[PDB]
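Here is what each chain is made of, one letter per residue.
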Amino acid sequence: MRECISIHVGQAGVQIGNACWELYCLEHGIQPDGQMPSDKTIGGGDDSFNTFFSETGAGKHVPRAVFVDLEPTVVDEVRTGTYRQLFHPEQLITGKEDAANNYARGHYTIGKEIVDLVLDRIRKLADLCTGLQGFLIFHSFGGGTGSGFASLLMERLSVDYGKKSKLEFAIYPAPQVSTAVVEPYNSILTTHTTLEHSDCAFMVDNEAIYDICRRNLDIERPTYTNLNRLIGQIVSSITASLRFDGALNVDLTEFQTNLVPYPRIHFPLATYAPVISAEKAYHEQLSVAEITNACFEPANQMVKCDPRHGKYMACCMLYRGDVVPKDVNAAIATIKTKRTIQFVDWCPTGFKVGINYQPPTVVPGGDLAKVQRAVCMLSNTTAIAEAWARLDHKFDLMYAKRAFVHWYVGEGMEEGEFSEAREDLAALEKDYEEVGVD
Amino acid sequence: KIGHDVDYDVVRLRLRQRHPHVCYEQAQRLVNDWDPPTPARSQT
Amino acid sequence: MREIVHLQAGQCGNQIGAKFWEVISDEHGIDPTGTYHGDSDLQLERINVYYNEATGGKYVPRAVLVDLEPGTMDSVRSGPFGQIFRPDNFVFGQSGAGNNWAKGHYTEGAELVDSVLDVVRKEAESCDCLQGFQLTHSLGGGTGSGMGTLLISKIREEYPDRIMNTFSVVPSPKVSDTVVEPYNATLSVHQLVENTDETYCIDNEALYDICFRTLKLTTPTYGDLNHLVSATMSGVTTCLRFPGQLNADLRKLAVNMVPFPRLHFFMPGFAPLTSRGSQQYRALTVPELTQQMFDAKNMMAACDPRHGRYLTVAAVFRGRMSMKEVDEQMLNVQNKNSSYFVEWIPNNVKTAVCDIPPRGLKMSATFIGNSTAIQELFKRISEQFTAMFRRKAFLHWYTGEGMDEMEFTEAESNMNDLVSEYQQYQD
Amino acid sequence: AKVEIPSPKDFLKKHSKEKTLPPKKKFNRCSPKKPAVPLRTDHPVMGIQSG
Ligand SMILES: Nc1nc2c(ncn2[C@@H]2O[C@H](COP(=O)(O)OP(=O)(O)OP(=O)(O)O)[C@@H](O)[C@H]2O)c(=O)[nH]1
Ligand SMILES: Nc1nc2c(ncn2[C@@H]2O[C@H](COP(=O)(O)OP(=O)(O)OP(=O)(O)O)[C@@H](O)[C@H]2O)c(=O)[nH]1
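1. Comments concerning the overall build of chain D
Tallying secondary structure elements over chain D gives zero helices and zero strands in all. The globule rule puts the C-alpha radius of gyration for 51 residues at 10 Å, and the 33 Å found for chain D is more than 25% above it. For chain D, with 51 residues in total, the buried portion stands at 10%. A total of about 4800 Å² of accessible surface is found on chain D, and carbon and sulfur atoms cover 63% of it.

2. Quick word on the interface of chain C and chain A
Taken residue by residue, the interface counts 32 residues in chain C and 38 residues in chain A. Of the roughly 3000 Å² buried between chain C and chain A, counting both surfaces, carbon and sulfur atoms make up 56%. For the pair chain C and chain A, the interface holds two salt bridges. Between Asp98(A) and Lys252(C) there is a salt bridge whose closest N-O contact spans 3.9 Å.

3. Digging into the sheet that holds strand 7 (residues 269-272) of chain A
All names here are of chain A. Strand order in this open sheet of four strands is 7-10-8-9, and the pairing throughout is mixed. Looking at strand neighbours, the two that pair on one side only are strand 7 and strand 9 (351-356), the edges of this open sheet. On average, each strand axis in the sheet is inclined to that of its neighbour by 15°, with strand direction left out of account. The pairing of strand 7 with strand 10 (residues 373-381) spans four bridges and is antiparallel. Paired with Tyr-272 across the bridge in strand 10 is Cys-376. Docked against the sheet, helix 9 (residues 252-259) engages strand 8 (312-321), strand 9 and strand 10, running at close to 155° with respect to strand 8.

4. Focus: the interface of chain D and chain C
Between chain D and chain C, the contact holds 16 residues from the first and 19 residues from the second. Ranking the residues of chain D by area buried against chain C places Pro8(D), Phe11(D) and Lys14(D) at the top, with a combined share of 42%. Remark: the boundary between chain D and chain C carries three salt bridges. Between chain D and chain C we count five residue pairs in polar contact in total. Class assignment for the residues of the side of chain D that touches chain C results in six nonpolar, three polar and seven charged.

5. Focus on the pattern of salt bridges
Scanning the entire structure with this criterion turns up 21 salt bridges over all chains. Between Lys112(A) and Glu113(A) there is a salt bridge, with the nearest N and O atoms lying 3.4 Å from each other. Among the ionic pairs, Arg262(C) bridges to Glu421(C), the shortest N-O distance being 3.7 Å. A residue pair is termed long-range when its members are at least 10 positions apart, and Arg262(C) in the loop between helix 10 (250-257) and strand 8 (265-270) and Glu421(C) in helix 15 (residues 406-426) qualify at 159 residues. Judged by relative accessible area, which is 17%, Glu421(C) ranks as buried.

6. So, the site of ligand 1
Of all residues adjacent to ligand 1, which total 19 residues, the nearest are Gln11(A), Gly144(A), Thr145(A), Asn247(C) and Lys252(C). Looking at what sits near ligand 1, you find residues from chains A and C. A distance of 3.4 Å separates an oxygen atom of ligand 1 from a polar backbone atom of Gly10(A). Between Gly142(A) and ligand 1, the recorded distance is 3.1 Å, taken from a backbone N or O atom to an oxygen atom. Broken down by secondary-structure element, the contributors of at least two residues to the shell around ligand 1 are helix 1 (13-24) and helix 8 (224-243) of chain A. A per-class count over the shell around ligand 1 returns three nonpolar, 14 polar and two charged.

7. Here's the deal with the packing of helix 13 (residues 375-389) of chain C against helix 15 of chain C
Residues and elements named next belong to chain C. Viewed as axis vectors pointing N to C, helix 13 and helix 15 meet at an angle of 150°, and their least axial separation amounts to 10 Å. Comparing their axes, helix 15 and helix 13 come out roughly antiparallel. In this structure, helix 13 meets helix 15 at a crossing whose hand is left-handed. Contact residues: helix 13 offers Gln-375, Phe-378, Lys-379, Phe-385 and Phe-389, while helix 15 offers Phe-408, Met-415, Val-419 and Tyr-422. Looking at the contact of helix 13 with helix 15, its residues break down into seven nonpolar, one polar and one charged.

8. Some words on the UniProt feature "binding site: GTP" in chain C
Residues and elements named next belong to chain C. The UniProt entry lists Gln-11, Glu-69, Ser-138, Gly-142, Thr-143, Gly-144, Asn-204 and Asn-226 under the feature "binding site: GTP", expressed in the numbering used here. Counting through the fold element by element, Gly-142 comes out in helix 6 (residues 142-158). The class for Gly-142 is buried, based on a relative accessible area of 3%. If we skip the residues at most four places from it in the chain, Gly-142 touches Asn-99 and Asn-184. Following the sequence through the fold, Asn-226 ends up in helix 9 (residues 222-238). Classification of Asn-226 by relative accessible area gives buried; the value is 6%.

9. Comments concerning the nonpolar core
Counting 80 residues, the largest nonpolar core has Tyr185(A), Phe395(A), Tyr51(C), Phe265(C) and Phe378(C) as its most contacted members. No other element matches strand 9 (residues 310-318) of chain C, which puts six residues into this core. Filtering out sequence-adjacent residues up to four positions away, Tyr185(A) remains in contact with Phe395(A), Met398(A), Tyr399(A), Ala403(A), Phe404(A), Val405(A), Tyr408(A) and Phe418(A). Core analysis: the next-biggest nonpolar cluster, separate from the first, contains 48 residues, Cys4(A), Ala65(A), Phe255(A) and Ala314(A) among them.

10. Some details on empty space enclosed by the protein
All names here are of chain A. When its volume is computed, the largest cavity comes out at roughly 430 Å³. Top contributing element to the lining of the largest cavity by residue count: helix 8, with five residues. Here the residues of the lining of the largest cavity are counted per class, giving 19 nonpolar, six polar and two charged.

11. With respect to the arrangement of the chains
Across the four pairs of chains that are in contact, the largest number of contacts falls between chains A and C. Nowhere do chain A and chain B come into contact; their C-alpha atoms are at least 23 Å apart. The two units chain B and chain D are non-contacting; their minimal C-alpha-C-alpha distance is 35 Å.

12. Things to note about the environment of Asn380(A)
Residues and elements named next belong to chain A. Looking at where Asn-380 falls in the secondary structure, it is placed in strand 10. In this structure, the C-alpha to C-alpha distance between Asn-380 and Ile-5, residues 375 residues apart in sequence, is 25 Å. Those residues in contact with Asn-380, other than ones at most four positions away along the chain, are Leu-259, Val-260, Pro-261, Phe-267, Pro-268, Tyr-312, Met-313 and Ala-314.

13. Considerations on the site of ligand 2
All names here are of chain C. In the vicinity of ligand 2, the contacting residues are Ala-9, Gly-10, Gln-11, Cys-12, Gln-15, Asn-99, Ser-138, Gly-141, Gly-142, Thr-143, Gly-144 and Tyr-222. Within the contact set of ligand 2, an oxygen atom lies 2.4 Å away from a backbone nitrogen or oxygen of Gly-142. A distance of 2.3 Å separates an oxygen atom of ligand 2 from a polar backbone atom of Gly-144. Compared with its free state, where it exposes 630 Å², ligand 2 has 76% of that area covered by protein. With four residues, the single largest contributor to the shell around ligand 2 is helix 1 (residues 10-28). Among the residues forming the shell around ligand 2, the class breakdown is three nonpolar, nine polar and no charged.

14. A short note on the environment of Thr143(C)
All names here are of chain C. Within the secondary structure, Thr-143 sits in helix 6. C-alpha of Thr-143 to C-alpha of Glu-108: the two residues are 35 residues apart in sequence and 9.8 Å apart in space. Among all residues touching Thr-143, those that are not within four sequence positions of it are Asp-67, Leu-68, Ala-97 and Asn-99.

Rules of the game
- Residues numbered from 1 in each chain as written, not as in the entry; some residues may be left out.
- Chains lettered and ligands numbered in written order.
- Part of a larger assembly, values for the part shown.
- Heavy atoms only, no water.
- Helix = DSSP H or I, 4+ residues; strand = E, 2+ residues; numbered from the N terminus.
- Rg over C-alpha atoms; globule rule 2.2 N^0.38 Å.
- Buried < 20%, exposed > 50% of the residue type's maximum accessible area, 1.4 Å probe, protein only.
- Areas by Shrake-Rupley, 256 points an atom, 1.4 Å probe, with all protein chains shown as cover.
- Contact = heavy atoms within 4.5 Å.
- Buried area = accessible area lost by both parts, 1.4 Å probe.
- Salt bridge = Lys/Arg side-chain N within 4 Å of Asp/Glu carboxyl O.
- Pairing = 2+ DSSP bridges.
- Axes fitted to C-alpha atoms, helices over the stretch in contact; angles between N-to-C directions.
- Polar contact = N/O pair within 3.5 Å; in protein donor to acceptor, adjacent residues only side chain to side chain.
- Nonpolar A, V, L, I, M, F, W, Y, C, P; charged D, E, K, R; others polar.
- Near = heavy atom within 4 Å.
- Parallel < 35°, antiparallel > 145°, perpendicular 65-115°, else oblique.
- Left-handed = near helix turned anticlockwise from the far one by under 90°.
- UniProt positions renumbered as here; feature names shortened; annotations may be inferred.
- Core = buried A, V, L, I, M, F, W, Y, C linked by side-chain atoms within 4.5 Å.
- 1 Å grid on protein atoms, 1.4 Å probe; cavity = no way out; pocket = protein on both sides within 12 Å on 5 of 7 lines; lining within 4 Å.
- Points joined across faces, edges and corners; volume = space filled by probe spheres on them.

Listed below in structure tokens is the structure:
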């Protein structure tokens, strides 16, 4: 019925899945063994899990996902973790070599001999699939191995399936932090590949995750654990409509139809308000007005950009927990008559409202508080142009000095694709400033 | 300013090898290394 | 899976391999006999990255060892670990060499290259999927250079996809006992610059300076020197065999590391060296870890990076750390001297982190860098060559061997290209 | 069958036998089915009234 399929590529895409299921087991209460208790749900596989798991006759819930990596280390690690029985062994596909962060290396040298297996697995899931709304894809623009494989297999599956949406959740490059010098290269390669075939691509950056972590969570030694925990909670929030019931419902189809204005520009942002520490929530108050004020607070976003320097296109806000439309509409009207937020003269409204009764849940041993009213914020803005405006004037320099290019040319590519990515990016910006202009 | 510094060091050093004492070996033992070269070269 | 086959050359290599293998052995936790001891498992599962299995839970080295001097082999055989080696592989020669470079590269190797090649290719077929080779040898030493240039020239063509790491020892900038050592250096480097992909270059003087500054311990052993370098090898190879993210392929590093084909040589560095008593006078914290880590005295390979500027750096860390402290430390130092870097490229740091430390110390790190500081060494040697070749004394031995000076001519301008190109980019 | 010993004749010639290769091309990417997004600040037709 209302089910989707998950894919992870590159070694950046594996911790995040690991955490996503470490959570996703809990809201239906499935032990690492994989069995609902004797409470009467087991059978052919119909109940709210159905969107996530296919628990067949043996009573074992089955993730509808694929984890493909190119180095056996982490895949065998998780195969030796607790959840090895939970996962399907060959749904964890392992390669033997690294992409060297060389996009073309990963896209032509090795990409030809695993795509067959992965697409065959996709078919043998899509057969049993019923609703097949689409896919949730995890890669990384700083793809250590994710980039080229993602581009190639995404092109193949895009041409093979032309009747559904595609969601991409990418960790965007850290603007002033780099663990890789080939990062600008493979980042822009992936961009000018994907922008024409991603249906909804969302960005997130990790420096700002840390910044939030030591602003309001009050913790000074966080890690991947907390990072991925909150990110997984975000994706849980955006799938809660499919997960549970409520007053009224929303769906990714509506997200597409109303959020993205036009063709091409489909690069929105996400935001979460009630990330608060235990003591801080203990003797303070939370409600709709303040959570909305804190969400539109500019620094609480997870991309280093200034909406005050930007101009707004669209906004979809999802409330999870218990609320009333009275306060909903009152507060959103207050924000509508707020002053700093420069909405374009185009859109008189910009607000897609969704509600669900079931509150978000905790992870055992985690860090977030015991919240009753959560909210997720998706937004089309013109403020993101700064990231590309920064990237281009680094890449032009490092390419006019054309260091490291020997790698790529000796493995087969040449400067033409780089040159083309240049003007693809240029067209991106050029569209953005003019749509921002009244 | 750094040029002033180094030049004053040079004029300071040279005018001290006229004294009637002092002999061959010490001169050579300081020739290559008068002051560790490192003219602070924007030190940090 | 991914595996490595180790090559050992020259009289340096004799003890280098001894120290290095015993380090990795007692790291994974194997008895001197060779029977497994299970305390940590991940080491056991990943031992196949280097070792070959022998029945009854015994784990033979994938080493191939060669020299021409037999006494070094006998001493290694007698050492407290040499029994772990296998008598199958001790290919050797039938006389000495006098570590003349021309002899070492042309006459003697002719009859031994076949045997060494057959042994190594049997090993290569046996293993599954090779990242590449690592050689422990000398560039200033004679017989190691003579055999090693031959073998490295031989192997590249068959295996032109593979990581041909070369790890050597550089002559002293002050005194080297061996006198035709210059000519050894020039002839070795002439092939090595074209043929290798990565080469680590280290020198003894700074080891002695390290002994005085931090060891403080009066009377060392060359064994202890080899320990101080085996730490660097252990570090640089940690990441492959252990879990916790860091994309660890030395090629994953190298493409990130070197900008141009004629830039292969690098300058190592170790992490906390604690004095006689500072063990409880130091707060073992990441900030001061990095403080000592990137220093003018912690460095020990060739010379101070002060004289020039850096192109690229790579730091590996081993221990229960987090992103933040290392990331913001790098930003702090980047601000501290945003000048001695190259505006050529921003963010010229590579960082890698693995969670399972070595034993004895909780936090650890290893440094490697590519900076504009090789000109010191290669200038020095270039003027030495011009001075010596001015009246070409002692070149009669090479004339007898059949060496003639046109090879000197071809090499010297290659080093001229090296110096000019290094200075050219950064200035 | 035997080892082809390189005699003391020569080596490379002034930094020869390298891998440098700048080739030239402008080969296009695939088809961006997605059309032009803006209409460049201009107008459709509306507002037809009749007394
Ligand atoms: N979400 C998430 N991000 C990570 C993780 N590890 C690293 N990252 C960040 O995401 C990026 C990882 O991409 P890559 O390093 O190319 O990994 P890969 O393509 O899967 O393959 P490799 O070349 O082996 O690294 C790095 O820039 C990391 O900073 C992780 O475990 N989870
Ligand atoms: N193994 C070992 N090597 C040392 C020691 N002390 C110095 N070395 C250096 O290691 C260098 C390399 O030796 P080899 O690689 O076997 O070189 P070679 O072809 O035999 O030529 P020569 O060094 O001239 O004998 C020597 O030249 C020494 O400078 C030591 O105590 N043990």
